[PDB]
Amino acid sequence: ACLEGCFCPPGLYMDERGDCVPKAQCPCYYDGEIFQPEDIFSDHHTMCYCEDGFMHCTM
Amino acid sequence: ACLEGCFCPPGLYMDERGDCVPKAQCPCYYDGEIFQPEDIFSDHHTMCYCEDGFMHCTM
Amino acid sequence: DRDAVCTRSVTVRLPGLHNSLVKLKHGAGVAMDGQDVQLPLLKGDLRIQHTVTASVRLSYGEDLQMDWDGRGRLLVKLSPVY
Amino acid sequence: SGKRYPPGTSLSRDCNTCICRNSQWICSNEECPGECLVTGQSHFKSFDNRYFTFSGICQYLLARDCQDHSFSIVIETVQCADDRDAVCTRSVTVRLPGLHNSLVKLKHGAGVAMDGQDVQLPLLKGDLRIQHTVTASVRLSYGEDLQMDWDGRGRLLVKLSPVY
């Protein structure tokens, strides 16, 4: 719905530590795993990184 | 041990929200339950409150 | 006062999954089977996540909701199947 | 180490103590806990204070109780940069046959997942305690004869008491 509470402006997204942050350093939660904003990351066979809050995997 | 990291001065104790606070509003975790700093609280038979971070129960 | 009786906690019981036992704690805390648990809690049916980051919300399937029993404002949502 | 000490003194290593008597340090030989370390990209340390590197990408067996089966640890390794010589840890899986034959997973955040379930810290079950250390690093503690360390960005450590 259109709920009521404490938000912060749309340029800012909520971080775990009570602050909210722009999406630049907004970590990724791939598999739940809290990847830092720049994490290059891959098996032999997959290839994955965290860009901006989204986790870009490939194969 | 004598560990290394981010602390805050001894007058301040760590709160869940990334800030650390004096012990006045430092909640209680009785049974795990996160009681606000002033919570009067009791069955018929027990009698319990949260003072300053400690939960004072009686009977 | 003797005329002041508020909620501490509520216990929920799902025979459909493990015959488990969920406990909603006077914080925003939850405890499943004695174990404290991070939010979100995607198990198969029931989802338990914060709402405003100051209030818990259980969601069993689609026919059930809950609300924060921290300071005792418990609510439910029962769909007309019941 | 190139410096003098009077006789009778008792300097102490981390493992035990040694005392100067007639220009000869006397020493105990009593055991003391070892540490297998993972860090960097692929730099390993043995219990017996070996160093090496093995940039393999698979679910390798880090450690295990091998005469009985009190536990077993399994690293999972991944390439970790554009370079082929950059293989860092993603996650580690721990397995406790002593409790439920459960399966703990340490996640590249500070996150943990037991049996697929994400879990708040602390996690007092009967034996194993899992809580943050600096609020930026997880620490498992099974009983008294076992520790762990954060496998978030891949700096896994252990503490095995001399019972093993």
# chains A, B, ... in the order shown; residues from 1 in each chain; ligands from 1
>>> calpha_fit_and_write(fixed="chain B", moving="chain A", output="mmCIF file with C-alpha atoms, in the first residue's frame")
data_model
loop_
_atom_site.group_PDB
_atom_site.id
_atom_site.type_symbol
_atom_site.label_atom_id
_atom_site.label_comp_id
_atom_site.auth_asym_id
_atom_site.auth_seq_id
_atom_site.Cartn_x
_atom_site.Cartn_y
_atom_site.Cartn_z
ATOM 1 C CA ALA A 1 41.293 -10.257 24.724
ATOM 2 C CA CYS A 2 42.200 -6.593 24.164
ATOM 3 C CA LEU A 3 40.755 -6.349 20.668
ATOM 4 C CA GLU A 4 41.067 -3.776 17.881
ATOM 5 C CA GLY A 5 38.166 -2.035 16.187
ATOM 6 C CA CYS A 6 35.499 0.649 16.296
ATOM 7 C CA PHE A 7 34.366 1.400 19.837
ATOM 8 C CA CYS A 8 32.861 4.543 21.321
ATOM 9 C CA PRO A 9 33.727 6.175 24.655
ATOM 10 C CA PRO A 10 32.920 4.353 27.901
ATOM 11 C CA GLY A 11 29.990 6.619 28.711
ATOM 12 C CA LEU A 12 28.341 5.264 25.559
ATOM 13 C CA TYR A 13 27.118 1.710 25.002
ATOM 14 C CA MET A 14 26.292 0.209 21.663
ATOM 15 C CA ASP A 15 22.708 0.373 20.424
ATOM 16 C CA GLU A 16 21.294 -1.868 17.723
ATOM 17 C CA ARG A 17 20.910 0.972 15.202
ATOM 18 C CA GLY A 18 24.602 1.674 14.623
ATOM 19 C CA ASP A 19 24.651 4.479 17.131
ATOM 20 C CA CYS A 20 25.902 3.892 20.647
ATOM 21 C CA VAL A 21 24.053 5.464 23.547
ATOM 22 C CA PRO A 22 24.393 6.053 27.280
ATOM 23 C CA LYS A 23 22.902 3.371 29.440
ATOM 24 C CA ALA A 24 19.771 5.403 30.202
ATOM 25 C CA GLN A 25 17.832 4.433 27.069
ATOM 26 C CA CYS A 26 19.834 1.232 26.625
ATOM 27 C CA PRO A 27 17.041 -1.361 26.248
ATOM 28 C CA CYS A 28 16.676 -4.691 28.024
ATOM 29 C CA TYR A 29 16.871 -8.113 26.342
ATOM 30 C CA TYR A 30 15.026 -10.242 28.862
ATOM 31 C CA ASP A 31 14.190 -13.604 27.321
ATOM 32 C CA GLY A 32 15.723 -11.874 24.308
ATOM 33 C CA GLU A 33 12.766 -9.504 24.293
ATOM 34 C CA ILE A 34 13.820 -5.981 23.420
ATOM 35 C CA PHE A 35 12.121 -3.963 26.138
ATOM 36 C CA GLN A 36 12.112 -0.234 25.806
ATOM 37 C CA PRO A 37 13.969 1.583 28.600
ATOM 38 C CA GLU A 38 10.773 2.023 30.674
ATOM 39 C CA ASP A 39 8.537 -1.060 30.526
ATOM 40 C CA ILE A 40 6.390 -2.107 33.484
ATOM 41 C CA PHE A 41 5.594 -5.636 32.983
ATOM 42 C CA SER A 42 4.207 -8.549 34.977
ATOM 43 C CA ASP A 43 2.019 -11.618 35.295
ATOM 44 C CA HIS A 44 -0.194 -12.060 38.341
ATOM 45 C CA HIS A 45 2.695 -13.787 40.028
ATOM 46 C CA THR A 46 5.902 -12.220 38.726
ATOM 47 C CA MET A 47 6.665 -8.518 38.633
ATOM 48 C CA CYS A 48 9.234 -7.145 36.235
ATOM 49 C CA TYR A 49 10.527 -3.930 34.711
ATOM 50 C CA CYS A 50 13.344 -2.612 32.530
ATOM 51 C CA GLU A 51 15.285 0.138 34.263
ATOM 52 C CA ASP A 52 18.472 0.962 32.402
ATOM 53 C CA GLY A 53 19.462 -2.042 30.297
ATOM 54 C CA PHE A 54 18.876 -4.498 33.113
ATOM 55 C CA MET A 55 15.522 -6.193 33.619
ATOM 56 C CA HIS A 56 14.483 -6.196 37.288
ATOM 57 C CA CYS A 57 12.137 -9.136 37.864
ATOM 58 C CA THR A 58 10.633 -10.195 41.185
ATOM 59 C CA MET A 59 7.865 -12.533 42.369
#
>>> interface_residues(of="chain D", to="chain B", cutoff="12 Å", atoms="only C-alpha atoms", output="PyMOL selection string")
chain D and resi 120-124+133-137
>>> closest_residue(among="C:41, C:12, C:7, C:26", to="chain D", atoms="only C-alpha atoms")
C:41
>>> interface_residues(of="chain C", to="chain D", cutoff="8 Å", atoms="only C-alpha atoms", output="ChimeraX atom specification")
/C:35-43
>>> write_last_selection(atoms="N, CA, C and O atoms", output="short mmCIF file (atom, residue, chain, number, x, y, z; two decimals), in the first residue's frame")
data_model
loop_
_atom_site.label_atom_id
_atom_site.label_comp_id
_atom_site.auth_asym_id
_atom_site.auth_seq_id
_atom_site.Cartn_x
_atom_site.Cartn_y
_atom_site.Cartn_z
N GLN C 35 15.04 -20.47 18.93
CA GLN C 35 16.15 -19.88 18.19
C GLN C 35 15.76 -18.49 17.74
O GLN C 35 14.70 -18.30 17.15
N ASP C 36 16.62 -17.51 18.02
CA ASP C 36 16.45 -16.17 17.48
C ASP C 36 16.92 -16.15 16.03
O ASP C 36 17.80 -16.91 15.64
N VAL C 37 16.31 -15.27 15.23
CA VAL C 37 16.27 -15.44 13.78
C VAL C 37 16.31 -14.08 13.10
O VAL C 37 15.62 -13.15 13.53
N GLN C 38 17.09 -13.97 12.02
CA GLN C 38 17.12 -12.72 11.26
C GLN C 38 15.93 -12.60 10.34
O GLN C 38 15.38 -13.60 9.86
N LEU C 39 15.55 -11.38 10.10
CA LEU C 39 14.51 -11.02 9.17
C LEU C 39 15.14 -10.50 7.89
O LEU C 39 16.07 -9.70 7.94
N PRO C 40 14.69 -10.92 6.70
CA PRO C 40 13.61 -11.86 6.38
C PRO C 40 13.85 -13.31 6.79
O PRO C 40 14.98 -13.70 7.10
N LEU C 41 12.77 -14.08 6.80
CA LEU C 41 12.78 -15.49 7.15
C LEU C 41 11.95 -16.27 6.13
O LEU C 41 10.89 -16.81 6.42
N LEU C 42 12.38 -16.24 4.89
CA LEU C 42 11.72 -17.08 3.90
C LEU C 42 11.97 -18.54 4.26
O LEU C 42 13.04 -19.09 4.01
N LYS C 43 10.98 -19.17 4.88
CA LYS C 43 10.77 -20.60 4.78
C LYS C 43 9.74 -20.79 3.67
O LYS C 43 9.22 -19.81 3.12
#
>>> closest_atom_pairs(of="chain C", to="chain B", cutoff="12 Å", atoms="only C-alpha atoms", output="tab-separated table")
residue	atom	partner	partner_atom	distance
C:1	CA	B:40	CA	10.4
C:2	CA	B:44	CA	9.5
C:3	CA	B:44	CA	11.8
C:4	CA	B:41	CA	9.6
C:5	CA	B:42	CA	8.4
C:6	CA	B:41	CA	8.1
C:7	CA	B:41	CA	9.0
C:8	CA	B:41	CA	7.8
C:9	CA	B:33	CA	8.8
C:10	CA	B:33	CA	11.9
C:23	CA	B:33	CA	10.5
C:24	CA	B:33	CA	8.8
C:25	CA	B:33	CA	5.2
C:26	CA	B:33	CA	4.9
C:27	CA	B:34	CA	3.7
C:28	CA	B:34	CA	6.9
C:29	CA	B:33	CA	6.4
C:30	CA	B:33	CA	8.6
C:31	CA	B:32	CA	8.7
C:34	CA	B:31	CA	10.0
C:35	CA	B:32	CA	10.1
C:36	CA	B:32	CA	8.1
C:37	CA	B:32	CA	11.1
C:53	CA	B:17	CA	10.5
C:54	CA	B:17	CA	11.0
C:69	CA	B:33	CA	10.6
C:70	CA	B:34	CA	7.9
C:71	CA	B:35	CA	8.3
C:72	CA	B:35	CA	11.5
>>> write_last_selection(atoms="N, CA, C and O atoms", output="mmCIF file, in the first residue's frame")
data_model
loop_
_atom_site.group_PDB
_atom_site.id
_atom_site.type_symbol
_atom_site.label_atom_id
_atom_site.label_comp_id
_atom_site.auth_asym_id
_atom_site.auth_seq_id
_atom_site.Cartn_x
_atom_site.Cartn_y
_atom_site.Cartn_z
ATOM 1 N N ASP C 1 -1.007 -0.031 38.432
ATOM 2 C CA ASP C 1 -2.429 -0.263 38.577
ATOM 3 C C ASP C 1 -2.766 -1.716 38.284
ATOM 4 O O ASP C 1 -2.110 -2.394 37.489
ATOM 5 N N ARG C 2 -3.812 -2.192 38.944
ATOM 6 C CA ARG C 2 -4.329 -3.520 38.670
ATOM 7 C C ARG C 2 -5.120 -3.571 37.374
ATOM 8 O O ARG C 2 -5.213 -4.639 36.761
ATOM 9 N N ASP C 3 -5.681 -2.443 36.948
ATOM 10 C CA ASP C 3 -6.411 -2.352 35.684
ATOM 11 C C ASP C 3 -5.495 -1.903 34.551
ATOM 12 O O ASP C 3 -5.789 -0.958 33.821
ATOM 13 N N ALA C 4 -4.361 -2.586 34.407
ATOM 14 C CA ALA C 4 -3.417 -2.295 33.328
ATOM 15 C C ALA C 4 -2.750 -3.612 32.951
ATOM 16 O O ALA C 4 -1.733 -3.983 33.543
ATOM 17 N N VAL C 5 -3.316 -4.296 31.958
ATOM 18 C CA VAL C 5 -2.880 -5.628 31.560
ATOM 19 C C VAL C 5 -2.617 -5.572 30.066
ATOM 20 O O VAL C 5 -3.554 -5.630 29.267
ATOM 21 N N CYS C 6 -1.348 -5.501 29.685
ATOM 22 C CA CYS C 6 -0.953 -5.443 28.289
ATOM 23 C C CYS C 6 -0.282 -6.743 27.887
ATOM 24 O O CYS C 6 0.079 -7.584 28.715
ATOM 25 N N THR C 7 -0.135 -6.893 26.579
ATOM 26 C CA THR C 7 0.472 -8.080 26.009
ATOM 27 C C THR C 7 1.979 -8.012 26.157
ATOM 28 O O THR C 7 2.585 -6.949 26.004
ATOM 29 N N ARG C 8 2.575 -9.157 26.456
ATOM 30 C CA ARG C 8 4.008 -9.363 26.370
ATOM 31 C C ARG C 8 4.408 -9.951 25.034
ATOM 32 O O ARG C 8 5.200 -9.368 24.287
ATOM 33 N N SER C 9 3.860 -11.121 24.741
ATOM 34 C CA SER C 9 4.296 -11.955 23.646
ATOM 35 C C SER C 9 3.093 -12.731 23.153
ATOM 36 O O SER C 9 2.085 -12.864 23.853
ATOM 37 N N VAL C 10 3.211 -13.236 21.937
ATOM 38 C CA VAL C 10 2.233 -14.154 21.380
ATOM 39 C C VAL C 10 2.991 -15.331 20.801
ATOM 40 O O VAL C 10 4.092 -15.169 20.260
ATOM 41 N N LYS C 23 7.484 -17.726 18.140
ATOM 42 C CA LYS C 23 7.253 -16.844 19.267
ATOM 43 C C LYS C 23 7.591 -15.431 18.842
ATOM 44 O O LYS C 23 8.679 -15.183 18.316
ATOM 45 N N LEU C 24 6.668 -14.516 19.095
ATOM 46 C CA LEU C 24 6.855 -13.111 18.785
ATOM 47 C C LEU C 24 7.182 -12.399 20.073
ATOM 48 O O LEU C 24 6.442 -12.511 21.058
ATOM 49 N N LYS C 25 8.265 -11.657 20.054
ATOM 50 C CA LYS C 25 8.886 -11.197 21.273
ATOM 51 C C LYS C 25 8.692 -9.699 21.422
ATOM 52 O O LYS C 25 8.554 -8.955 20.449
ATOM 53 N N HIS C 26 8.662 -9.265 22.675
ATOM 54 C CA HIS C 26 8.295 -7.905 23.028
ATOM 55 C C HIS C 26 9.188 -6.848 22.388
ATOM 56 O O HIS C 26 8.789 -5.683 22.312
ATOM 57 N N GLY C 27 10.349 -7.211 21.899
ATOM 58 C CA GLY C 27 11.057 -6.382 20.953
ATOM 59 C C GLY C 27 10.351 -6.392 19.617
ATOM 60 O O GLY C 27 9.131 -6.554 19.527
ATOM 61 N N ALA C 28 11.127 -6.203 18.561
ATOM 62 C CA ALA C 28 10.726 -6.680 17.248
ATOM 63 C C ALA C 28 11.215 -8.098 17.009
ATOM 64 O O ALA C 28 11.203 -8.565 15.866
ATOM 65 N N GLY C 29 11.627 -8.792 18.065
ATOM 66 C CA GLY C 29 12.254 -10.073 17.900
ATOM 67 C C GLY C 29 11.245 -11.175 17.670
ATOM 68 O O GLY C 29 10.079 -11.087 18.051
ATOM 69 N N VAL C 30 11.718 -12.215 17.007
ATOM 70 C CA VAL C 30 10.985 -13.458 16.848
ATOM 71 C C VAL C 30 11.909 -14.571 17.304
ATOM 72 O O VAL C 30 13.136 -14.437 17.253
ATOM 73 N N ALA C 31 11.317 -15.666 17.763
ATOM 74 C CA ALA C 31 12.087 -16.853 18.108
ATOM 75 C C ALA C 31 11.336 -18.078 17.619
ATOM 76 O O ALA C 31 10.210 -18.337 18.056
ATOM 77 N N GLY C 34 12.820 -21.678 20.042
ATOM 78 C CA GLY C 34 13.862 -21.230 20.932
ATOM 79 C C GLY C 34 14.992 -20.478 20.262
ATOM 80 O O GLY C 34 15.819 -19.883 20.960
ATOM 81 N N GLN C 35 15.041 -20.473 18.935
ATOM 82 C CA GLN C 35 16.148 -19.883 18.195
ATOM 83 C C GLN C 35 15.761 -18.485 17.743
ATOM 84 O O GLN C 35 14.696 -18.300 17.151
ATOM 85 N N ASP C 36 16.623 -17.510 18.020
ATOM 86 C CA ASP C 36 16.446 -16.173 17.476
ATOM 87 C C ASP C 36 16.916 -16.148 16.031
ATOM 88 O O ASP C 36 17.797 -16.914 15.639
ATOM 89 N N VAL C 37 16.312 -15.273 15.228
ATOM 90 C CA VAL C 37 16.268 -15.440 13.780
ATOM 91 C C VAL C 37 16.310 -14.078 13.103
ATOM 92 O O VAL C 37 15.622 -13.147 13.535
ATOM 93 N N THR C 53 10.873 -1.378 9.457
ATOM 94 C CA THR C 53 12.070 -1.646 10.256
ATOM 95 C C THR C 53 11.853 -1.333 11.736
ATOM 96 O O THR C 53 12.820 -1.148 12.482
ATOM 97 N N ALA C 54 10.588 -1.270 12.171
ATOM 98 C CA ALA C 54 10.249 -1.138 13.582
ATOM 99 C C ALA C 54 9.052 -2.010 13.933
ATOM 100 O O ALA C 54 8.408 -1.781 14.962
ATOM 101 N N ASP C 69 3.973 -7.584 17.875
ATOM 102 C CA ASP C 69 3.603 -7.812 19.258
ATOM 103 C C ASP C 69 4.712 -7.313 20.169
ATOM 104 O O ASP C 69 4.968 -7.872 21.237
ATOM 105 N N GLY C 70 5.416 -6.273 19.736
ATOM 106 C CA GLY C 70 6.448 -5.736 20.585
ATOM 107 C C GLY C 70 5.892 -5.101 21.843
ATOM 108 O O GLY C 70 5.908 -5.731 22.903
ATOM 109 N N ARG C 71 5.333 -3.898 21.728
ATOM 110 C CA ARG C 71 4.565 -3.277 22.804
ATOM 111 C C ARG C 71 3.099 -3.701 22.818
ATOM 112 O O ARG C 71 2.302 -3.083 23.530
ATOM 113 N N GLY C 72 2.718 -4.723 22.057
ATOM 114 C CA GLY C 72 1.386 -5.282 22.196
ATOM 115 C C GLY C 72 0.293 -4.622 21.378
ATOM 116 O O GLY C 72 -0.675 -4.099 21.935
#
>>> atom_distance(atom1="atom CA of residue 146 of chain D", atom2="atom CA of residue 78 of chain D")
25.5 Å
>>> select_by_dssp(residues="chain B", states="strand (DSSP E)", output="VMD selection string")
chain B and resid 13 to 14 20 to 21 28 to 30 33 to 35 39 to 41 47 to 50 55 to 58
>>> residues_around(residues="residue 103 of chain D", least_positions_apart="3", cutoff="9 Å", atoms="only C-alpha atoms", output="VMD selection string")
chain D and resid 93 to 97 100 113 to 116
>>> write_last_selection(atoms="N, CA and C atoms", output="tab-separated table (two decimals), in the first residue's frame")
chain	number	residue	atom	x	y	z
D	93	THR	N	31.10	-24.06	4.20
D	93	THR	CA	30.02	-24.86	4.78
D	93	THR	C	30.60	-25.64	5.94
D	94	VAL	N	29.88	-25.63	7.05
D	94	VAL	CA	30.22	-26.40	8.23
D	94	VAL	C	29.10	-27.39	8.47
D	95	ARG	N	29.46	-28.54	9.02
D	95	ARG	CA	28.55	-29.65	9.21
D	95	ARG	C	28.80	-30.24	10.59
D	96	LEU	N	27.77	-30.22	11.43
D	96	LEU	CA	27.86	-30.77	12.78
D	96	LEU	C	27.01	-32.03	12.86
D	97	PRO	N	27.59	-33.22	12.70
D	97	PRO	CA	26.83	-34.44	12.99
D	97	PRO	C	26.37	-34.55	14.43
D	100	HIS	N	21.69	-32.62	15.15
D	100	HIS	CA	20.71	-32.74	14.08
D	100	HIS	C	21.34	-33.26	12.78
D	113	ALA	N	23.68	-19.03	7.35
D	113	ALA	CA	22.43	-19.72	7.03
D	113	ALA	C	22.52	-21.14	7.55
D	114	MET	N	21.63	-21.48	8.48
D	114	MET	CA	21.50	-22.85	8.96
D	114	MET	C	20.40	-23.53	8.18
D	115	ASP	N	20.76	-24.59	7.46
D	115	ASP	CA	19.78	-25.46	6.81
D	115	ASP	C	18.89	-24.67	5.85
D	116	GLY	N	19.48	-23.66	5.21
D	116	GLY	CA	18.76	-22.78	4.32
D	116	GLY	C	18.13	-21.57	4.97
>>> residues_around(residues="segment 151-158 of chain D", least_positions_apart="4", cutoff="9 Å", atoms="only C-alpha atoms", output="ChimeraX atom specification")
/A:33-36,39 /D:34-41,88-92,106-111,137-138,146-147
>>> write_last_selection(atoms="C-alpha atoms", output="PDB file, in the first residue's frame")
ATOM      1  CA  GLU A  33      25.478 -12.838   0.781  1.00  0.00           C
ATOM      2  CA  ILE A  34      26.217  -9.217   1.573  1.00  0.00           C
ATOM      3  CA  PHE A  35      28.675  -8.308  -1.162  1.00  0.00           C
ATOM      4  CA  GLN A  36      30.449  -5.022  -0.902  1.00  0.00           C
ATOM      5  CA  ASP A  39      33.216  -7.551  -5.559  1.00  0.00           C
TER       6      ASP A  39
ATOM      7  CA  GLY D  34      46.819 -24.842  15.923  1.00  0.00           C
ATOM      8  CA  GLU D  35      45.278 -22.699  13.241  1.00  0.00           C
ATOM      9  CA  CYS D  36      44.504 -23.331   9.603  1.00  0.00           C
ATOM     10  CA  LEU D  37      44.188 -19.949   7.896  1.00  0.00           C
ATOM     11  CA  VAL D  38      42.658 -18.885   4.597  1.00  0.00           C
ATOM     12  CA  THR D  39      43.054 -15.344   3.320  1.00  0.00           C
ATOM     13  CA  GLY D  40      44.100 -13.164   0.416  1.00  0.00           C
ATOM     14  CA  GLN D  41      43.223 -14.828  -2.837  1.00  0.00           C
ATOM     15  CA  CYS D  88      39.194 -16.048  -3.433  1.00  0.00           C
ATOM     16  CA  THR D  89      36.719 -17.650  -1.091  1.00  0.00           C
ATOM     17  CA  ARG D  90      32.992 -17.111  -1.414  1.00  0.00           C
ATOM     18  CA  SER D  91      31.546 -19.204   1.370  1.00  0.00           C
ATOM     19  CA  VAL D  92      32.350 -22.074   3.682  1.00  0.00           C
ATOM     20  CA  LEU D 106      28.807 -18.916   6.262  1.00  0.00           C
ATOM     21  CA  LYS D 107      27.894 -16.315   3.736  1.00  0.00           C
ATOM     22  CA  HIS D 108      29.951 -13.733   1.902  1.00  0.00           C
ATOM     23  CA  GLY D 109      28.267 -11.042   3.947  1.00  0.00           C
ATOM     24  CA  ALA D 110      28.463 -11.389   7.658  1.00  0.00           C
ATOM     25  CA  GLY D 111      25.502 -13.665   7.087  1.00  0.00           C
ATOM     26  CA  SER D 137      32.711 -10.271  11.561  1.00  0.00           C
ATOM     27  CA  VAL D 138      31.083 -13.523  12.566  1.00  0.00           C
ATOM     28  CA  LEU D 146      36.417 -25.069  17.947  1.00  0.00           C
ATOM     29  CA  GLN D 147      36.256 -21.539  16.618  1.00  0.00           C
TER      30      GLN D 147
END
>>> atom_distance(atom1="atom CA of residue 105 of chain D", atom2="atom CA of residue 150 of chain D")
11.4 Å
>>> atom_distance(atom1="atom CA of residue 75 of chain D", atom2="atom CA of residue 32 of chain D")
24.5 Å
>>> decode(residues="segment 32-53 of chain A", atoms="C-alpha atoms", output="short mmCIF file (atom, residue, chain, number, x, y, z; two decimals), in the first residue's frame")
data_model
loop_
_atom_site.label_atom_id
_atom_site.label_comp_id
_atom_site.auth_asym_id
_atom_site.auth_seq_id
_atom_site.Cartn_x
_atom_site.Cartn_y
_atom_site.Cartn_z
CA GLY A 32 21.75 -13.52 0.77
CA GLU A 33 25.48 -12.84 0.78
CA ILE A 34 26.22 -9.22 1.57
CA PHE A 35 28.67 -8.31 -1.16
CA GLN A 36 30.45 -5.02 -0.90
CA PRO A 37 29.68 -2.61 -3.75
CA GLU A 38 32.71 -3.78 -5.80
CA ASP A 39 33.22 -7.55 -5.56
CA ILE A 40 34.62 -9.56 -8.47
CA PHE A 41 33.64 -13.03 -7.89
CA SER A 42 33.49 -16.30 -9.81
CA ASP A 43 33.96 -20.04 -10.04
CA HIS A 44 35.71 -21.55 -13.05
CA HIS A 45 32.35 -21.74 -14.74
CA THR A 46 30.27 -18.81 -13.51
CA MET A 47 31.35 -15.19 -13.50
CA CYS A 48 29.73 -12.71 -11.16
CA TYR A 49 30.11 -9.23 -9.71
CA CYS A 50 28.25 -6.69 -7.59
CA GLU A 51 27.85 -3.39 -9.41
CA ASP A 52 25.43 -1.11 -7.60
CA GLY A 53 23.13 -3.24 -5.45
#
